[PDB]
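First up is the structure itself, then whatever we jot down about it.
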Amino acid sequence: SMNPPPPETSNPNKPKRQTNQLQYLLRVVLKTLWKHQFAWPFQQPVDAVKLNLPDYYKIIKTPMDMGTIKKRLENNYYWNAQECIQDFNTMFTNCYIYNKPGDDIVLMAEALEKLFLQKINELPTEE
Ligand SMILES: CCn1cnc2c1c(=O)[nH]c(=O)n2C[C@H]1CC[C@H](CNS(=O)(=O)c2ccc(OC3CCOCC3)c(F)c2)CC1
């Protein structure tokens with residue numbers, strides 16, 4: 001089958017902004033999760049062909065991955081922290097929807113989500 005095009009990371013028609021919360025999401029949250037030994041399956045869009053994940057894009061219609069989030073933060077794509085947090089939550093939810101409970105990738109996502117929630121607990125107030 002074919003993969004879909006990846007999510008956009010910049011759009012010249014969408015307003016762009018940098019806030020200190022978004023800078024924390026890039027410099028602290030994303031960086032912490034990215035280096036985690038479990039992060040690699042989440043660093044790029046699912047290539048369903050090459051991963052032989054059957055029906056991935058029949059089931060997952062809102063794909064999201066940390067590479068996309070990283071590029072969106074780097075391009076000031078998000079207007080607020082809620083939009084960025086939603087993308088992390090979509091990434092985790094997709095993994096929990098497509099995969100069987102107790103699969104290794106689910107346990108990996110749960111570990112990353114636990115760390116994510118730890119880092120978001122200390123999100124700074126807006127400056
Ligand atoms: C997220 C999108 N995506 C990308 N690849 C995807 C998916 C998707 O949604 N479902 C998919 O199936 N895949 C393929 C898999 C293939 C296997 C790969 C893990 N292999 S591993 O790094 O060698 C490894 C790590 C940790 C292990 O054990 C610990 C023990 C306690 O806690 C955590 C587990 C372990 F035994 C083996 C994980 C992706």
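Chain labels A, B, ... are given in the sequence in which chains occur in the structure tokens; within each chain residues are numbered consecutively from 1, and ligands are likewise numbered from 1 in the order shown.
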
**OP:** Identify, on the basis of only C-alpha atoms, every residue whose closest approach to residue A:87 does not exceed 12 Å; exclude the query and any residue fewer than 2 positions from it along the same chain; express the result as a ChimeraX atom specification.
**Re:** /A:7,9,25,30,62-70,72-73,77-78,80-85,89-94

Grab the residues selected above and save them as a short mmCIF file (atom, residue, chain, number, x, y, z; two decimals), in the first residue's frame with C-alpha atoms.
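part_36.cif, written as the output of this step:
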```cif
data_model
loop_
_atom_site.label_atom_id
_atom_site.label_comp_id
_atom_site.auth_asym_id
_atom_site.auth_seq_id
_atom_site.Cartn_x
_atom_site.Cartn_y
_atom_site.Cartn_z
CA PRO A 7 1.52 16.02 8.65
CA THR A 9 5.13 21.27 9.92
CA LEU A 25 8.10 22.16 25.29
CA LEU A 30 10.72 17.16 23.51
CA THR A 62 -4.78 11.38 12.63
CA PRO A 63 -1.16 10.19 12.55
CA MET A 64 1.38 12.03 14.65
CA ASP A 65 5.02 11.45 15.58
CA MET A 66 7.69 13.24 17.59
CA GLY A 67 9.64 14.24 14.46
CA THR A 68 6.57 16.18 13.34
CA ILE A 69 6.15 17.75 16.75
CA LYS A 70 9.84 18.72 16.86
CA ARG A 72 6.39 22.17 14.31
CA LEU A 73 7.96 23.60 17.45
CA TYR A 77 3.77 26.31 14.02
CA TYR A 78 1.82 26.11 17.27
CA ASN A 80 -0.24 27.72 22.18
CA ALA A 81 0.99 24.92 24.40
CA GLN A 82 -2.40 23.16 24.26
CA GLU A 83 -1.97 22.54 20.54
CA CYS A 84 1.45 20.98 21.10
CA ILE A 85 0.24 18.87 24.06
CA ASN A 89 -1.48 12.97 23.19
CA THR A 90 -2.55 12.03 19.68
CA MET A 91 0.77 10.20 19.15
CA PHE A 92 0.30 8.20 22.32
CA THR A 93 -3.40 7.53 21.62
CA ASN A 94 -2.69 6.27 18.10
#
```

Subject >> For residue A:49: contacts at 12 Å, only C-alpha atoms, fewer than 3 positions along chain excluded, given as an NGL selection string >> reply: :A and (1-4 or 45-46 or 52-57)

Please produce an output containing N, CA and C atoms for each residue in the selection, written as a CSV table (one decimal), in the first residue's frame.
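And here is the file that came out, result03.csv:
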```
chain,number,residue,atom,x,y,z
A,1,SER,N,0.8,-1.2,0.0
A,1,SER,CA,0.0,0.0,0.0
A,1,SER,C,0.9,1.2,0.0
A,2,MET,N,0.2,2.4,0.0
A,2,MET,CA,1.0,3.6,-0.1
A,2,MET,C,0.9,4.3,1.3
A,3,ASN,N,1.9,5.0,1.6
A,3,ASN,CA,1.8,5.9,2.8
A,3,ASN,C,1.1,7.2,2.4
A,4,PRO,N,0.5,7.9,3.4
A,4,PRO,CA,0.0,9.2,3.2
A,4,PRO,C,1.1,10.2,3.2
A,45,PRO,N,7.2,9.5,11.0
A,45,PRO,CA,5.9,9.0,10.6
A,45,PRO,C,6.0,7.5,10.4
A,46,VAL,N,4.9,6.8,10.8
A,46,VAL,CA,4.9,5.3,10.5
A,46,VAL,C,5.0,5.1,9.0
A,52,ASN,N,5.6,-3.1,7.8
A,52,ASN,CA,4.6,-4.2,7.7
A,52,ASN,C,3.5,-4.1,8.8
A,53,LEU,N,3.0,-2.9,9.0
A,53,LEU,CA,1.9,-2.7,9.9
A,53,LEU,C,0.6,-2.7,9.1
A,54,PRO,N,-0.1,-3.8,9.1
A,54,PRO,CA,-1.3,-3.9,8.2
A,54,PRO,C,-2.4,-3.0,8.6
A,55,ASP,N,-2.9,-2.2,7.6
A,55,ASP,CA,-4.1,-1.4,7.8
A,55,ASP,C,-3.8,-0.2,8.7
A,56,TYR,N,-2.5,0.1,8.9
A,56,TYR,CA,-2.2,1.2,9.9
A,56,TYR,C,-3.0,2.5,9.5
A,57,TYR,N,-3.0,2.9,8.3
A,57,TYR,CA,-3.7,4.1,7.9
A,57,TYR,C,-5.1,3.9,7.5
```

Subject >> Nearby polymer residues, ligand 1, at most 6 Å, only C-alpha atoms and all ligand atoms, as JSON, numbers by chain >> reply: {"A": [41, 42, 46, 95, 99, 104, 105, 107, 108]}

Mind dumping the selected residues with C-alpha atoms as an mmCIF file, in the first residue's frame?
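Saved to result-v7.cif:
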```
data_model
loop_
_atom_site.group_PDB
_atom_site.id
_atom_site.type_symbol
_atom_site.label_atom_id
_atom_site.label_comp_id
_atom_site.auth_asym_id
_atom_site.auth_seq_id
_atom_site.Cartn_x
_atom_site.Cartn_y
_atom_site.Cartn_z
ATOM 1 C CA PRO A 41 9.767 4.192 16.860
ATOM 2 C CA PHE A 42 8.122 7.549 17.520
ATOM 3 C CA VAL A 46 4.880 5.346 10.467
ATOM 4 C CA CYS A 95 -0.256 3.732 19.575
ATOM 5 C CA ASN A 99 -1.618 -1.971 18.924
ATOM 6 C CA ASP A 104 6.054 -3.858 23.669
ATOM 7 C CA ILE A 105 5.344 -0.669 21.692
ATOM 8 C CA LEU A 107 4.634 -0.366 27.094
ATOM 9 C CA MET A 108 7.191 1.893 25.423
#
```

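As for atom CA of residue A:103 and atom CA of residue A:59, they are spaced 17.2 Å apart.
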
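Atom to atom, atom CA of residue A:96 and atom CA of residue A:29 stand 20.8 Å apart.
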
From a backbone DSSP assignment, name each residue in stretch 30-101 of chain A labelled alpha helix (DSSP H), as an mmCIF file with N, CA and C atoms, in the first residue's frame.
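Okay, selection-v6.cif is ready:
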```
data_model
loop_
_atom_site.group_PDB
_atom_site.id
_atom_site.type_symbol
_atom_site.label_atom_id
_atom_site.label_comp_id
_atom_site.auth_asym_id
_atom_site.auth_seq_id
_atom_site.Cartn_x
_atom_site.Cartn_y
_atom_site.Cartn_z
ATOM 1 N N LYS A 31 13.098 17.397 24.056
ATOM 2 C CA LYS A 31 14.481 16.920 24.133
ATOM 3 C C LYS A 31 14.611 15.735 25.083
ATOM 4 N N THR A 32 13.899 15.773 26.212
ATOM 5 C CA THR A 32 13.950 14.674 27.180
ATOM 6 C C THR A 32 13.380 13.389 26.583
ATOM 7 N N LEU A 33 12.248 13.501 25.919
ATOM 8 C CA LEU A 33 11.630 12.307 25.387
ATOM 9 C C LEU A 33 12.424 11.783 24.191
ATOM 10 N N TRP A 34 12.998 12.682 23.394
ATOM 11 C CA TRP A 34 13.655 12.265 22.149
ATOM 12 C C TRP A 34 14.818 11.310 22.413
ATOM 13 N N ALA A 48 4.086 2.392 6.896
ATOM 14 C CA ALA A 48 3.338 1.155 7.103
ATOM 15 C C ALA A 48 3.813 0.071 6.169
ATOM 16 N N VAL A 49 4.223 0.451 4.957
ATOM 17 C CA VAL A 49 4.837 -0.495 4.031
ATOM 18 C C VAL A 49 6.022 -1.186 4.690
ATOM 19 N N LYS A 50 7.014 -0.392 5.133
ATOM 20 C CA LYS A 50 8.304 -0.940 5.556
ATOM 21 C C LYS A 50 8.218 -1.562 6.935
ATOM 22 N N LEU A 51 7.312 -1.084 7.773
ATOM 23 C CA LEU A 51 7.103 -1.724 9.063
ATOM 24 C C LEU A 51 6.134 -2.889 8.965
ATOM 25 N N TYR A 56 -2.537 0.144 8.949
ATOM 26 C CA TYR A 56 -2.222 1.243 9.882
ATOM 27 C C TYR A 56 -3.026 2.496 9.548
ATOM 28 N N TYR A 57 -2.980 2.913 8.264
ATOM 29 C CA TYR A 57 -3.659 4.138 7.869
ATOM 30 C C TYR A 57 -5.126 3.934 7.522
ATOM 31 N N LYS A 58 -5.625 2.679 7.520
ATOM 32 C CA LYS A 58 -7.065 2.457 7.548
ATOM 33 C C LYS A 58 -7.610 2.743 8.938
ATOM 34 N N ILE A 59 -6.795 2.511 9.963
ATOM 35 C CA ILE A 59 -7.220 2.631 11.348
ATOM 36 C C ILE A 59 -6.859 3.992 11.942
ATOM 37 N N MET A 66 6.867 12.230 16.956
ATOM 38 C CA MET A 66 7.692 13.236 17.592
ATOM 39 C C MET A 66 8.538 14.005 16.616
ATOM 40 N N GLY A 67 8.908 13.438 15.459
ATOM 41 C CA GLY A 67 9.639 14.238 14.465
ATOM 42 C C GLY A 67 8.793 15.394 13.973
ATOM 43 N N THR A 68 7.504 15.151 13.747
ATOM 44 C CA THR A 68 6.573 16.184 13.335
ATOM 45 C C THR A 68 6.444 17.231 14.420
ATOM 46 N N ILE A 69 6.275 16.793 15.662
ATOM 47 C CA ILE A 69 6.152 17.752 16.750
ATOM 48 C C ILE A 69 7.401 18.613 16.845
ATOM 49 N N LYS A 70 8.582 17.989 16.769
ATOM 50 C CA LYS A 70 9.835 18.722 16.865
ATOM 51 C C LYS A 70 9.902 19.794 15.777
ATOM 52 N N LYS A 71 9.583 19.417 14.529
ATOM 53 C CA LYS A 71 9.648 20.393 13.435
ATOM 54 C C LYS A 71 8.585 21.500 13.579
ATOM 55 N N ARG A 72 7.415 21.142 14.066
ATOM 56 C CA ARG A 72 6.389 22.167 14.308
ATOM 57 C C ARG A 72 6.873 23.158 15.372
ATOM 58 N N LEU A 73 7.434 22.654 16.459
ATOM 59 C CA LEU A 73 7.964 23.603 17.449
ATOM 60 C C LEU A 73 9.090 24.469 16.862
ATOM 61 N N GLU A 74 9.985 23.858 16.080
ATOM 62 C CA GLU A 74 11.124 24.592 15.512
ATOM 63 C C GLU A 74 10.667 25.664 14.528
ATOM 64 N N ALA A 81 0.479 26.205 23.888
ATOM 65 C CA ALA A 81 0.992 24.922 24.396
ATOM 66 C C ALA A 81 -0.041 23.835 24.248
ATOM 67 N N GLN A 82 -1.347 24.170 24.362
ATOM 68 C CA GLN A 82 -2.403 23.160 24.256
ATOM 69 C C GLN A 82 -2.327 22.452 22.922
ATOM 70 N N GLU A 83 -2.051 23.191 21.850
ATOM 71 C CA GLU A 83 -1.970 22.535 20.540
ATOM 72 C C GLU A 83 -0.832 21.531 20.492
ATOM 73 N N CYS A 84 0.305 21.892 21.084
ATOM 74 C CA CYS A 84 1.452 20.979 21.103
ATOM 75 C C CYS A 84 1.165 19.754 21.966
ATOM 76 N N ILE A 85 0.594 19.968 23.166
ATOM 77 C CA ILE A 85 0.237 18.866 24.056
ATOM 78 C C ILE A 85 -0.750 17.938 23.372
ATOM 79 N N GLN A 86 -1.683 18.502 22.609
ATOM 80 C CA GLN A 86 -2.630 17.653 21.910
ATOM 81 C C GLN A 86 -1.914 16.742 20.929
ATOM 82 N N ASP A 87 -0.871 17.250 20.249
ATOM 83 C CA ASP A 87 -0.158 16.398 19.276
ATOM 84 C C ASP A 87 0.549 15.256 20.028
ATOM 85 N N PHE A 88 1.184 15.539 21.183
ATOM 86 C CA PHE A 88 1.781 14.421 21.931
ATOM 87 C C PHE A 88 0.706 13.424 22.306
ATOM 88 N N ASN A 89 -0.449 13.908 22.724
ATOM 89 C CA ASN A 89 -1.477 12.972 23.185
ATOM 90 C C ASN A 89 -2.033 12.167 22.026
ATOM 91 N N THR A 90 -2.140 12.773 20.862
ATOM 92 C CA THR A 90 -2.549 12.029 19.681
ATOM 93 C C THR A 90 -1.554 10.926 19.355
ATOM 94 N N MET A 91 -0.251 11.251 19.365
ATOM 95 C CA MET A 91 0.767 10.203 19.153
ATOM 96 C C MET A 91 0.595 9.015 20.095
ATOM 97 N N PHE A 92 0.460 9.303 21.381
ATOM 98 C CA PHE A 92 0.296 8.199 22.323
ATOM 99 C C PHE A 92 -1.012 7.444 22.065
ATOM 100 N N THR A 93 -2.116 8.178 21.816
ATOM 101 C CA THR A 93 -3.405 7.530 21.623
ATOM 102 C C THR A 93 -3.378 6.643 20.386
ATOM 103 N N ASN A 94 -2.777 7.114 19.287
ATOM 104 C CA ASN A 94 -2.694 6.266 18.098
ATOM 105 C C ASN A 94 -2.037 4.926 18.446
ATOM 106 N N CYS A 95 -0.921 4.980 19.202
ATOM 107 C CA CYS A 95 -0.256 3.732 19.575
ATOM 108 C C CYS A 95 -1.193 2.829 20.380
ATOM 109 N N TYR A 96 -1.956 3.423 21.292
ATOM 110 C CA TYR A 96 -2.843 2.593 22.106
ATOM 111 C C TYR A 96 -4.029 2.064 21.301
ATOM 112 N N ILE A 97 -4.451 2.771 20.242
ATOM 113 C CA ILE A 97 -5.566 2.303 19.425
ATOM 114 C C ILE A 97 -5.136 1.196 18.470
ATOM 115 N N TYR A 98 -4.000 1.379 17.811
ATOM 116 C CA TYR A 98 -3.652 0.428 16.753
ATOM 117 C C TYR A 98 -3.115 -0.884 17.331
#
```

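Among the candidates A:11, A:21, A:16, A:110, the residue lying nearest to residue A:126 is A:21 (atoms considered: only C-alpha atoms).
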
Original post:
Quick one: distance from atom CA of residue A:76 to atom CA of residue A:127 in Å, one decimal?
Top reply: 16.6 Å

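For the set A:115, A:43, A:6, A:28, the residue with the smallest atom-to-atom gap to residue A:61 is A:6, counting only C-alpha atoms.
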
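Using only C-alpha atoms for every distance, the candidate list A:79, A:37, A:47, A:19 yields A:19 as the residue closest to residue A:123.
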